[PDB]
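Asks: Protein chains in written order, with the entry's author numbering: chain E, 162 to 247, 255 to 286, 295 to 342; chain o, 162 to 247, 255 to 286, 295 to 342; chain H, 488 to 536, 539 to 591, 596 to 669, 679 to 712; chain N, 488 to 536, 539 to 591, 596 to 669, 679 to 712; chain B, 488 to 536, 539 to 591, 596 to 669, 679 to 712; chain D, 343 to 410, 466 to 487; chain J, 343 to 410, 466 to 487; chain P, 343 to 410, 466 to 487; chain G, 713 to 794; chain M, 713 to 794.
All C-beta atoms, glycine included, are put in the ideal place defined by N, C-alpha and C.
Sharing a structure here in structure tokens format.
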Amino acid sequence: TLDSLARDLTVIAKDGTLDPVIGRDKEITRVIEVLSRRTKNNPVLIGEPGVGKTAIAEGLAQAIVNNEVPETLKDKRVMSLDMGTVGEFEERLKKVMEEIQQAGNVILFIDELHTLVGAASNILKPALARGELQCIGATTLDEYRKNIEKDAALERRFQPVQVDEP
Amino acid sequence: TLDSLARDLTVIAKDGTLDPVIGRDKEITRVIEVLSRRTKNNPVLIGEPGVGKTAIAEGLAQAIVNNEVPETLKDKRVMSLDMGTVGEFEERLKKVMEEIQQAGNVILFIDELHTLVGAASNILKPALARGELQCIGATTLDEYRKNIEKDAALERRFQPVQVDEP
Amino acid sequence: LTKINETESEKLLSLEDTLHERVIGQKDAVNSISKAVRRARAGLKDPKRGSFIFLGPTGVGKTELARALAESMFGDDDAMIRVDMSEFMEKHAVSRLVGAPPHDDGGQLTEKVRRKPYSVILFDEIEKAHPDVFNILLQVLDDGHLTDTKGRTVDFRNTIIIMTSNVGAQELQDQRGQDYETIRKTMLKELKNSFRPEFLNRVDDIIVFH
Amino acid sequence: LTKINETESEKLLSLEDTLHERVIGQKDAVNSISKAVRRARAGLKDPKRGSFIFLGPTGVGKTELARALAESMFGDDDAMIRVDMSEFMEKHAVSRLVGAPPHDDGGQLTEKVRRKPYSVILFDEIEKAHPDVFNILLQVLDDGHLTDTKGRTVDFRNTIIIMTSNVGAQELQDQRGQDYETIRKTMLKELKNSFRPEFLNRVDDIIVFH
Amino acid sequence: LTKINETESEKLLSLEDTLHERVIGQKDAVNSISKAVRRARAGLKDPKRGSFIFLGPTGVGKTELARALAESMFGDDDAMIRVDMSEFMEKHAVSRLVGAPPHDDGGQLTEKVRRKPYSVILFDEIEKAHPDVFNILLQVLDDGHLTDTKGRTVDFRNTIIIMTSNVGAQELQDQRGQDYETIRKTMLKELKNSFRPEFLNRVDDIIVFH
Amino acid sequence: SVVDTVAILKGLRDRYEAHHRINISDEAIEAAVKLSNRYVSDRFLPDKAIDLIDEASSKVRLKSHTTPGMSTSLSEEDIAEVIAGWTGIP
Amino acid sequence: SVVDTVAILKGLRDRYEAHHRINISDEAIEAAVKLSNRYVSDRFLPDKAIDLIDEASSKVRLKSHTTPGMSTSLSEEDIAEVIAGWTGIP
Amino acid sequence: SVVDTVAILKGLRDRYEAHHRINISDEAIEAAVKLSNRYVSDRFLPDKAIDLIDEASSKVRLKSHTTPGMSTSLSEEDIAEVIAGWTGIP
Amino acid sequence: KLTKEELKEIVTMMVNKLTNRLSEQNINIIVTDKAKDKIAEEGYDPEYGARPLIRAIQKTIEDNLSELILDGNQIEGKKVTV
Amino acid sequence: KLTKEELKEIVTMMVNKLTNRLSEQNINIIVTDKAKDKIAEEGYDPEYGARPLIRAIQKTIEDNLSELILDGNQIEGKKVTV
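In structure tokens form, the structure reads like this:
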């Protein structure tokens, strides 16, 4: 399985499918080192949209396939979220989580809307809050003010980081 | 499948079922060139209702069947929305989306009410937000102030354009 | 290099002649400031406890200093936070400190400290601001940390705060080159007017600009 | 250790020299306070019934005492509750006592007592607060417990309350070292002005700071 | 065509005879203005930094010019913003600059600049407006950008601002055809009265209408 | 930073020109970088440059795409015209 | 208590170093224990130490993981740097 | 009423002691009844007594459960200690 | 008191905005201490401090530039003053 | 009235925060009555009381420490003063 919404750009980076980044290295060094944490492997980003952040993500993935990733994570692999929908919807999105938790070998980057939704709220957020499953978020604070914060335990789950326009 | 609500006027234009437009050419040139964008293929329109805009749409479709459409889109084809309803409702409307995403060959124009609804909200809007499925909207800003904007990522999904009364 | 060297005394030891790289005059105050912020170490005062009332005009370096301070101290001036006492009236306490119904908003410079725990805080003819703020000003003076509307209490000692006064604009007529001790006293009570001393008593020291 | 020892008289017996560990002056008041809170036991007064009007300035220990009090008494100062009489105007009774339509909100310091049944309550130049509050102030004075907007009535006797006055700021000119009995009287009526005695009559006693 | 041609010197080079297409008199000022706005380029002054005090009457082209200016410059006059100094009294600073409790409202002409970053700003016998505004006037003069009540700081240099004075209505009696240098001086102090020079010192230049 | 942008634009320099079959002239590239940063609030020079760029890359291609030989993108007009098309007063 | 934490950290001392292939120096161990307790409100020294630790254990490994020989974790930097990386003013 | 509670506690008197293998001393029983009512707002003496009781019944058993012979529950400590364990100042 | 030092010293950093912005215009800058001081002379006021200097400078200073911006005789990247 | 007693007496407990916190830094402390008094001299004000003392002290006091914290010559657990 681990397909459809489940996808990765790391091989794609080893496939050279994407762009060598610059300058967010030590920025990524943080984002990288977020995974180190028994507490929170899981960073989130703030900043200006469309600026390269999901490539900054890929920057990790490069540095991953570059093995600029140090040890523990080197086995693990990017997952780039896919967003879409189809009776219920999220249960799928709920479902994949054990799969990747079953994967023992990867990481996902949650992308932008980390959502306070109508149909929602805690979705993976407990399995997030399960204290497992290394993952990454990003947004600008304007959203960040809410979901990660209004819990604050997802704040206790998430590590915020932001970088200015280069 | 790809029928009922799924319909197209392009062949109808090749069928000559409709009216040769005028003057919105370079206007359409924009609307056209919206599709070019890896970022947003998906325009929305502002302006005065009933003025020819959905024919302005058809204007594209003509220029499509005219092959005044340049390369990438030339294979793709108009879809003119059908609005109606029938247990649940939207799941159908939700359903068709993969179908047309499965179509590998078309485009849909979403028409006017791009809706903040009771039963709603994100419907395709994630699959919209999926960063796939070239489509077009239109309204007057009075609505535009909300759905595309209140997300702003649908703003990040939608490109607004408006044209005055000719 | 500063990241490199910063031994934890190179500033201090040189801090005057460090600071002297910037603005002539108030060398003492400069020194005092240097003197002051050294007490920002050693913890001989309250380890949770940086408070400076500028007596001076425009062009007085009030900005410069404060700027250069962390620009010297924290190796950048963006640690600083402008805060307009003109904008301090009655209810901004919320917009100082998180509301939570009354959206939920707090800190013009806080969330920035929530952003930036090592910072500098500028206030403006500060007594211009209302007896409203003096207590939440006192909040700073309180405990040397900063509570929030959500309650979060955060260290000031890891930042700086700045107070400015033109109060002696008249009394400046003295150094407009007279012995400041006149105007020092003469402004002291004058500002001492505006503040219960306890306010003034957590000050590092009052800062003339002559 | 206090958890251990707290025999129920070690404070008391030592409470002066206990308290004396803190702030010089008002030793009597200190004593009185010690004297006072002992009546917080024995139930010879109303077992439901801790009320202290501070006559004093900034730096007067008004805070210290009150702080140290439970910090002494309840072995922490977080029992205390700051309450700004500046913030007591007309309708805060709701924000004192649960609304329920008018959200539903009640107690700036209550829900905190709903949080913390053993506490201390600070009020500010209290007569500064409105004849609005005096009755809900009287609510405290009432019955020695605290009703709520949801109705819940909770013991004050298991907490402390604090009243502060600079009223004699002038009349302080006396001890600025004159016999306080002048200003005592002289402030008494002055504050007695602001309050029907019954208010004042549930006071433990008025607290000068000299 | 202007969209087409606008090489970035055709205005300038012709700007006089450009402007000369409009209002006779103040040709110098016209020139000066032309001269002025050229400094709106080259960034030899502060790239963030367009400030014109009109000395003149009704019919004086004060409007015309300002109108035509961007109508010349920005190829439209709707860049302009009328602002009534009569309407500038004490608290409009909010209605100048976003409130946020005090709805939340800010900028009679700002949000319009928030709307229109390239604009023109008209003020009215401006000293008629209050020492209230001079600082938020100075805000414009400040930094050559515009902070907001939400804090947003936006470039003035990408817009124009206009100041008007009938102050010399008397002193106009001079050019009612006398050498203006009299009234220039004669009005200068007179308006210099109303303003700390620093205000006046970010002016492009004072604009007579003769 | 504006400059890093140029580099990151230089990153995508080959990209959309190999999409748009044109030759990017860094003169333009740095140009809008300043200019957009100057003139464009909303999107970000990390993009909005490329926005202009690709759009310029279009406008050229547009002209170059159909009836108006230069395959390269000029500095100026590519910035300018488009940017003037963005605003005015070239 | 801070100290018991050290012990419970000593409990996991072998744990993540045998994950991170490093040598924990109790000097560090007690260090952050104070230091985190000092500097970190949110997570808990029962963890946040180890947080720092493992993170330090990473940062070393990071350096040690790839191009920067010490396998052991220093007292200071492991605390300090990381903790400075946490905050500043080492 | 506090007293009826005692009776209803006397009702469960055999109950949890036959669960906790102890001997309830009504002295305690009435004690907390007052005391809890005095000191405990939230739960209700119909229970909270027994709460204390069973908890006391635990605390004894706890001591009695494992290494600290009295099977009976004291008046005081059973109330007191536990109640002091509840609050303080025995 | 802000010593003669400070005066001309600030007179320096006064120049900064010029350079840090204009020449950052890109136009070389010459400095005549005398005038600078003559300026600084009139630059510092007791009461207002030298604070007018901002205005003080710009008036003629930006001018002569703006002037010599026009003058076509000696032009950008040069330097001239009074 | 707060007698000379009180002044230097409070000047003591003034030291407490230092010790009760810093040396609780762990750094021995010497006290020069003269200076202490010279301080206390300038320490007490009529109007504000000695209240400035807090500031008064810290300024130089914490400094010379912080200084000698740097000075590497005579260091923690010693004592020096003016």
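(1) At 8 angstroms on the CB atoms, spell out the chain D contacts of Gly211 (chain E), in chain order.
(2) Three or more beta-carbon pairs under 8 angstroms between the region 529 to 536 of chain N and the region 640 to 650 of chain N, yes or no?
(3) The alpha helix (DSSP H) that contains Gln786 (chain G), what's its start and end?
(4) Classify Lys326 (chain o): buried if its beta carbon has 16 or more other beta carbons within 10 angstroms, exposed otherwise.
(5) If distances are taken between C-alpha atoms only, which option among E:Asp186, E:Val192, E:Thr178, E:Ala174 comes closest to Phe277 (chain E)?
(6) Output needed in chain order: residues of the region 680 to 706 of chain B with a Cβ under 8 angstroms from some Cβ in chain H.
(7) Does any residue of chain H bring its CB to less than 7 angstroms from the CB of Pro590 (chain B)?
(8) Quick check: what's the CA-CA separation for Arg669 (chain N) versus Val710 (chain N)?
(9) Keeping to the same chain, check which residues put their C-beta closer than 6 angstroms to that of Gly661 (chain N); ignore five residues upstream and five downstream.
(10) Compute the distance between the beta-carbons of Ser561 (chain B) and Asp707 (chain B), then report whether it is under 7 angstroms.
(11) For chain B, check one thing: does any of its Cβ atoms lie closer than 7 angstroms to the Cβ of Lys551 (chain H)?
(12) Does the region 503 to 518 of chain N come close enough to the region 733 to 745 of chain G to have 3 or more Cβ pairs within less than 8 angstroms?
(13) With distances taken between CB atoms, is the gap from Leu782 (chain M) to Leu586 (chain H) smaller than 7 angstroms?
(14) What runs of the alpha helix (DSSP H), each 4 residues or longer, lie entirely inside the region 494 to 525 of chain B?
(15) Just to confirm, are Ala174 (chain o) and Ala222 (chain o) a CB contact at a threshold of 7 angstroms?
(16) Taking the C-alpha atoms as reference points, what is the distance between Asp757 (chain M) and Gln663 (chain N)?
(17) Check whether chain D comes within 7 angstroms of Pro342 (chain E), counting only Cβ atoms and requiring the distance to be less than that.
(18) I'd like to confirm the pairing. Which residues does DSSP put opposite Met569 (chain B) in its beta bridges?
(19) Answer yes or no: does any C-beta atom of chain B fall closer than 7 angstroms to that of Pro764 (chain G)?
(20) According to DSSP, is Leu544 (chain B) helix, strand or coil?
(21) What span of residues does the beta strand (DSSP E) with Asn203 (chain E) cover, start to end?
(22) Shorter than 7 angstroms from the beta carbon of residue 249 (chain E) to some beta carbon of chain J?
(23) Nearest-angstrom Cα distance between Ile299 (chain E) and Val264 (chain E)?
(24) Considering Cα atoms alone, identify which of B:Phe697, B:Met656, B:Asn703, B:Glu683 is closest to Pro546 (chain B).
(25) On the DSSP letters alone, give me the boundaries of the beta strand (DSSP E) that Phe649 (chain B) sits inside.
(26) Closer than 8 angstroms by C-beta to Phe701 (chain N): which residues in its own chain qualify, once you throw out the five before and the five after it? Chain order, please.
(27) Report the neighbours of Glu495 (chain H) on chain M: residues whose CB is nearer than 9 angstroms to its CB, in chain order.
(28) Applying the 10 Å Cβ sphere with the 16-neighbour rule, what's the burial state of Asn323 (chain E)?
(29) Within 7 angstroms of any Cβ in chain B, is that where the Cβ of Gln737 (chain G) sits?
(30) Is the beta carbon of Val382 (chain P) less than 7 angstroms from the beta carbon of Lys376 (chain P)?
(31) Who are the near neighbours of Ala622 (chain B) in its chain, counting only those whose CB is closer than 6 angstroms to its CB and skipping five residues on each side?
(32) If you compare alpha carbons, which of H:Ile511, H:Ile491, H:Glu495 is closest to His712 (chain H)?
(33) Pop quiz: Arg704 (chain H) and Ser540 (chain H) are said to be a contact at Cβ under 8 angstroms. What is the actual Cβ separation, rounded to whole angstroms?
(34) Give the DSSP-derived three-state secondary structure of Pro336 (chain o) in the structure shown.
(35) Indicate the three-state DSSP secondary structure (helix, strand or coil) for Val192 (chain o) in the structure shown.
(36) Out of N:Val613, N:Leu615, N:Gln601, which one is the CA nearest neighbour of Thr642 (chain H)?
Replies: By the coordinates alone:
(1) The answer, in chain order, is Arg385, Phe386, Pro388, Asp389.
(2) Short answer: they touch.
(3) Looking at the DSSP string, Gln786 (chain G) is not in any alpha helix (DSSP H), and its letter there is neither H nor E.
(4) Classification of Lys326 (chain o): exposed, given that the 10 Å Cβ count is below 16.
(5) E:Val192
(6) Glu700
(7) yes
(8) Rounded to the nearest whole angstrom, the CA to CA distance from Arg669 (chain N) to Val710 (chain N) is 13 angstroms.
(9) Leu544, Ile685, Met689
(10) no
(11) no
(12) no
(13) no
(14) 497 to 506
(15) yes
(16) 20 angstroms
(17) Output row for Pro342 (chain E): interface = yes.
(18) B:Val613
(19) yes
(20) Of the three classes helix, strand and coil, the one that applies to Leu544 (chain B) here is strand, per DSSP.
(21) 203 to 207
(22) Gap in chain E between 247 and 255; residue 249 (chain E) lies inside it and carries no coordinates.
(23) 12 angstroms
(24) B:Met656
(25) That residue, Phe649 (chain B), is in no beta strand (DSSP E); it is neither H nor E in DSSP.
(26) The answer, listed in chain order, is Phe627, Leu630, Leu631, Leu634.
(27) Listed along the chain, the chain M residues whose CB falls inside 9 angstroms of the CB of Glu495 (chain H) are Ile781, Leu782.
(28) It counts as buried.
(29) yes
(30) No; because the gap between Cβ atoms is not below 7 angstroms, this pair is not in contact.
(31) Excluding sequence neighbours, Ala622 (chain B) sits near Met574, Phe577.
(32) Taking only the C-alpha atoms, the option nearest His712 (chain H) is H:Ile511.
(33) 6 angstroms
(34) strand
(35) helix
(36) Nearest option by C-alpha distance: N:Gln601.
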